Amino acid sequence: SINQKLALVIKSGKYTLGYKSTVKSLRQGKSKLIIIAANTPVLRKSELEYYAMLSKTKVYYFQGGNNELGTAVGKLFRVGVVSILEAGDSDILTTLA
Amino acid sequence: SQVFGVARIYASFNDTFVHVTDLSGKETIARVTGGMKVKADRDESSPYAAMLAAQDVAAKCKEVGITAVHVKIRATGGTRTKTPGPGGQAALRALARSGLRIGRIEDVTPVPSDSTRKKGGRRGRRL
Amino acid sequence: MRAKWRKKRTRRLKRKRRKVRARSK
Amino acid sequence: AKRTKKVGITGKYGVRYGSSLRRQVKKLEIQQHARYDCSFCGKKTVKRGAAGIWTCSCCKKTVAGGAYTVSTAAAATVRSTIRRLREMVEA
Amino acid sequence: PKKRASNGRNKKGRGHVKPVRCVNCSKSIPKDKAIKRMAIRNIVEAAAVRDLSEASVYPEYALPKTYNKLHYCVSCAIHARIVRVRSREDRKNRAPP
Amino acid sequence: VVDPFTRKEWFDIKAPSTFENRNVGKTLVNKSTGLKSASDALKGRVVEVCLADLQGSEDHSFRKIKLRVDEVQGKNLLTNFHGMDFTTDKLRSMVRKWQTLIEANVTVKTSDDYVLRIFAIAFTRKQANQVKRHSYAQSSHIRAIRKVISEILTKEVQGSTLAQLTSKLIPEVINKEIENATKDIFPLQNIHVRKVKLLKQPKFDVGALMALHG
Amino acid sequence: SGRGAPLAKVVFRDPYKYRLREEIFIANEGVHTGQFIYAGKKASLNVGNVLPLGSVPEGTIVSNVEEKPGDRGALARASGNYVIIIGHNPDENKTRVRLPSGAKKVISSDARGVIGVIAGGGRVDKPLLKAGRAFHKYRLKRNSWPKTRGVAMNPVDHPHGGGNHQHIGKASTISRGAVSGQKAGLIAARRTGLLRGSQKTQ
RNA sequence: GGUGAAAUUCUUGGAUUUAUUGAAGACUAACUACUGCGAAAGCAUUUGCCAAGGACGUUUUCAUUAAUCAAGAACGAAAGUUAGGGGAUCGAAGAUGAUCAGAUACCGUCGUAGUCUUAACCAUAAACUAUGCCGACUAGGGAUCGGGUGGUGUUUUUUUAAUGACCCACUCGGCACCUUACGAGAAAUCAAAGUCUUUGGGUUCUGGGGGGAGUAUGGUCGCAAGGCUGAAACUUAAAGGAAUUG
Ligand SMILES: [Mg+2]
Ligand SMILES: [Mg+2]
Ligand SMILES: [Mg+2]
Ligand SMILES: [Mg+2]
Ligand SMILES: [Mg+2]
Ligand SMILES: [Mg+2]
Ligand SMILES: [Mg+2]
Ligand SMILES: [Mg+2]
Ligand SMILES: [Mg+2]
Ligand SMILES: [Mg+2]
Ligand SMILES: [Mg+2]
Ligand SMILES: [Mg+2]
Ligand SMILES: [Mg+2]
Ligand SMILES: [Mg+2]
Ligand SMILES: [Mg+2]
Ligand SMILES: [Mg+2]
Ligand SMILES: [Mg+2]
Ligand SMILES: [Mg+2]
Ligand SMILES: [Mg+2]
Ligand SMILES: [Mg+2]
Ligand SMILES: [Mg+2]
Ligand SMILES: [Mg+2]
Ligand SMILES: [Mg+2]
Ligand SMILES: [Mg+2]
Ligand SMILES: [Mg+2]
Ligand SMILES: [Mg+2]
Ligand SMILES: [Mg+2]
Ligand SMILES: [Mg+2]
Ligand SMILES: [Mg+2]
Ligand SMILES: [Mg+2]
Ligand SMILES: [Mg+2]
Ligand SMILES: [Zn+2]
Ligand SMILES: [Zn+2]
């Protein structure tokens, strides 16, 4: 699964959780991949996708609501979007995703 | 090598059936075998009676005309003894001897994948 | 009488006795 | 400390109407009062009122549902078979 | 006391076996305890096979038979089929013959 | 006397291109007067012909076949494919005690849109030098075999049309086209293509059925 | 008010005028505010949309079904009710369906229905538990509650009236051909007594 | 039609039969075995997912962390109870047809509940190996399941290996069978039911003539049906076990 490959980025690399911090990342280009929960609204989805295309950042639609994405990133709260800035040693930036 | 049809033999216990029909399925025959020449109500399955009525069966078969036919025999089965009846073989033999040509055969006894629990309960028929 | 029938007879007997004094409950 | 061994919320009815009627009521009572999980935002903030109406506290969405539960058994089973019959008309 | 070490037939270390029902009376009987006899009897008879073949097409092409496994209930098995109540020590012989 | 001897007409049938000889024979159906007449209510049947009955030597005698009548015109009655089956004799003779059975099925389509569920049957072969009368497989084997059977099975079907499909199983080499795969896993006596049964087809397509005659 | 099932206000554009028209539908279970509804023959099969019975395959579930094409909804309108399409006769273009009552009526394929089942289901499973809840229930439907048993009235008030004891006095089953004033009790009852059995038509 | 034989039954409604064919729920035949797995109950079509487990292998790690267990708890066939659904099948009840002196039955017919599933209970079965668990010792034998080791063993031939399946020998842990009896037992029989008047490895439980009676009474569990705990007065010389002869 990919929850595995992602769980290594929290313990190894640098990331940012939250819709607002994720867009400053997409504006400064530091984002290489952004994970979007299943339940997150479509309006925000297309918006994040727009910023991604502008930052030429790739996206991955996480199958599972923000509740699942939060408990997946190891946090105890809903996470609607994640923006990775440094994948310490995770192949997430090189796997099929 | 002359003509084909279907046999459709069926031998129950205390009755038996025999009736030909076109190999296309819906079709027809004359079909009266079981309690036709024998009326005692227990000799229905009896072989002496299976032939007595199977005789009149081949008659109509040849009355309209069918030289050869293959069999499809079937026991009551389904859920009760899955096995041939007394007047099953005692009928086509009296008919193969009646100047009838036969060939590819196979039975069509219905057998399930162990379901539709039988009668009598777990103690069955008690005698 | 059969063993399981003695049980049933006794079960009934207690049910009747049980009822009989619930009248005086 | 535990206040009631069995009545729970149905204690308001006191001793009236019979244990059976009260018991069965508590069942639907519990359902229609509890907070469910919202399918559009992920927070358990969708409560009832006007049975068959389930609205999320935040995200302000309102979903039509069962008189006492958001998803009724029938509707859930229908969702399944509608997905089935729908997947059958594009491929 | 016991009068057979199996106390049934063929069951040690399983607890429960699905039950089959007797062919004769339909009574239920555990498969491991049901006396089994495979009945392979042909469509044949003493003088019925010659009439069958001469006046017919397919000059003895296949000649197939009936195949079906039978399971009896000891009570029914003892009545007609192979029970043949044995002697104290003659019964321990499982030689089919 | 009603005398339904001089009652109605007898119609003829043959078999598609696939086989060597095709004469099916004849049937009896009804008066062709139009109130409720022939054809509109005729071509909805099937017949049970053996394979060696219309192909040749009975090295193909086990296989039974169903032929779906599709369309008719003046005394034409040609019938396309409808399925197949084995025969009680063969299957009941192949299920021997002291060995393990293997059954598997898959639902696919051919190009001649038809989605079909096929069936296969196989058993265990005792090695020449074997000494154990049980001759059994191992679950790992049985699951793996099913996979290769399933995989192989949905290659021919969806790999060609119904015509070539029928022309593909009559030589029966697919039976051992499984064996080359199984030769690396387990002996597997009696590997076959025992049954096939279907559901539907695209609307009639009168023009395509005429490509089985000559 | 006075209805078990919840309503769904759905806004559409007027194809013939720059103006909004707001239809009032019966909310099917699962519908939500801000949802997108599609209406027409060439619509998708999503719970909430409304398509003609012809455009849907067998086994579909629909409510507020039209008895005749274009009557804006006639069948399966109560809380948690629905109809199931059990066949199509493309010639005469009919469509046979099963209604909540179990009866299987056949209607035009151009008749429309809404995918899904009505919301507010299971409302009848909760006991009322007191005349007050029944009182408030009918306070919004009509003046049909409470009901006096005709056997408690004098003969001048009802057929079952009168008697030194409370009894109906004659068969409680009444002929369909009866007259207004005598049709009180079990009207045209084909049977009577406690129903013990299958209770589901084949 | 059904049975030993019949009858209630079903048939201008074309029944039983056939043909194409669809629906519903249930089940997994054959393969199936002195074969496997799980604490027991119990578990047999396919595949995907979810976590889980024993035997083996082991020059890995921890290092006595264990054995058995009143109280307490997990699960627990069948039937049965509550709320839905389901309700094809067979089918307590009931009603019938036949039988009998009688026949509430056995055989036949109809068929409610039930049978199935979800949520919650109930907690008993000859729930059986009528046989506590952990440890050790004592005896011969060929099968077989799983793991493993050993090979100028056979087969696949591809071109021979690699493999895979098979053959042989061994070893650990399985389900069992067989022959012996040193030995045990009241015997039937038992590789434990043996290693006991030459009586002591650890530990849990129960029994003390038969009835009375699993009754009465209290307590407690359950919606109930019931479960668990559980006497006595009195009565009685046998009841019982395995084996032998009739
Ligand atoms: Mg007897
Ligand atoms: Mg006495
Ligand atoms: Mg009182
Ligand atoms: Mg005895
Ligand atoms: Mg047993
Ligand atoms: Mg048991
Ligand atoms: Mg009033
Ligand atoms: Mg009233
Ligand atoms: Mg009143
Ligand atoms: Mg009065
Ligand atoms: Mg009056
Ligand atoms: Mg009057
Ligand atoms: Mg009166
Ligand atoms: Mg009264
Ligand atoms: Mg199977
Ligand atoms: Mg205590
Ligand atoms: Mg039922
Ligand atoms: Mg009765
Ligand atoms: Mg008698
Ligand atoms: Mg009587
Ligand atoms: Mg009675
Ligand atoms: Mg019956
Ligand atoms: Mg006990
Ligand atoms: Mg036992
Ligand atoms: Mg033992
Ligand atoms: Mg004892
Ligand atoms: Mg030994
Ligand atoms: Mg080796
Ligand atoms: Mg060993
Ligand atoms: Mg001795
Ligand atoms: Mg001795
Ligand atoms: Zn919300
Ligand atoms: Zn029997």
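About the cut-offs
- All residue numbers are counted from 1 along each chain's written sequence and may depart from the entry's numbering; residues that have no coordinates are not represented.
- Whichever chain is written first is A, and whichever ligand is written first is 1; the rest continue in order.
- Part of a larger assembly is what these chains represent; accordingly, every value refers to the shown part.
- The basis for the side-chain values is all heavy atoms of the structure; hydrogens and waters are excluded.
- Residues with missing side-chain atoms are left out of burial classes, side-chain pairs and their counts.
- Any two residues whose heavy atoms approach within 4.5 Å at even a single point are treated as in contact.
- Values labelled buried area give the accessible surface lost by two parts on being combined, using a 1.4 Å probe and summing over both.
- Think of a salt bridge as a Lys or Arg side-chain nitrogen and an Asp or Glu carboxyl oxygen that are within 4 Å of each other.
- Residues adjacent in sequence count toward polar contacts only when both atoms are side-chain atoms; beyond that, a polar contact is any pair of N or O atoms within 3.5 Å, and within protein one must be able to donate a hydrogen and the other to accept it.
- Secondary structure follows DSSP: runs of H or I at least 4 residues long count as helices, runs of E at least 2 residues long count as strands, and numbering of each begins at the N terminus.
- The classification of residues rests on relative accessible area computed with a 1.4 Å probe and restricted to protein chains. Under 20% of the type maximum is buried, over 50% is exposed, and intermediate values are partly exposed.
- The criterion for strand pairing is that DSSP finds at least two bridges linking the strands in question.
- Polarity classes work like this: nonpolar for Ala, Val, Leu, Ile, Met, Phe, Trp, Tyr, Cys and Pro, charged for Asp, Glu, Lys and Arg, and polar for all others, with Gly in that last group.

Help me get a handle on the interface of chain D and chain G, residues and values and all.
At the junction of the two partners, chain D supplies 31 residues and chain G supplies 31 residues. The junction of chain D with chain G conceals about 2400 Å² of combined surface from both sides, 66% of it contributed by carbon and sulfur atoms. Counting the surface chain D buries against chain G, the share from its top three residues, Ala64(D), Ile82(D) and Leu85(D), is 20%. Between chain D and chain G we count zero salt bridges in total. Seen at the junction of chain D and chain G, the total is ten residue pairs in polar contact. When residues of the side of chain D that touches chain G are traced back to their parent elements, those giving at least two are helix 1 (19-33), strand 3 (62-64) and helix 2 (73-87) of chain D.

Which residues make up the pairing of strand 7 (residues 115-122) of chain F, and what values do they have?
Residues and elements named next belong to chain F. For strand 7, the buried fraction is high: six of the eight residues fall into the buried class. Where strand 6 (residues 102-109) and strand 7 come together, eight bridges link them in antiparallel fashion. Note that in strand 7 the partner of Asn105 across the bridge is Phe119. From the end of strand 6 to the start of strand 7, which pair antiparallel, there are five residues. Bridge count between strand 7 and strand 8 (residues 192-198): five bridges; the pairing is antiparallel. Across the sheet, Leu116 pairs through a bridge with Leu198, a residue of strand 8.

Summarise the environment of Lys195(F); cite the residues concerned and give the values.
Residues and elements named next belong to chain F. Along the chain, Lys195 falls in strand 8. For the pair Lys195 and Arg117, spaced 78 residues apart in sequence, the C-alpha separation works out to 8.8 Å. Beyond its immediate sequence surroundings of up to four residues, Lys195 is in contact with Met84, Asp85, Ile118 and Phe119.

Break down the interface of chain E and chain F for me, with residues and values.
On the side of chain F, seven residues touch chain E, which itself brings seven residues to the contact. Taking both partners together, chain E and chain F bury about 580 Å²; carbon and sulfur atoms supply 56% of that area. Along the contact surface separating chain E from chain F lie zero salt bridges. Inspection of the chain E/chain F interface yields one residue pair in polar contact. For the side of chain E that touches chain F, the per-class residue count stands at six nonpolar, no polar and one charged.

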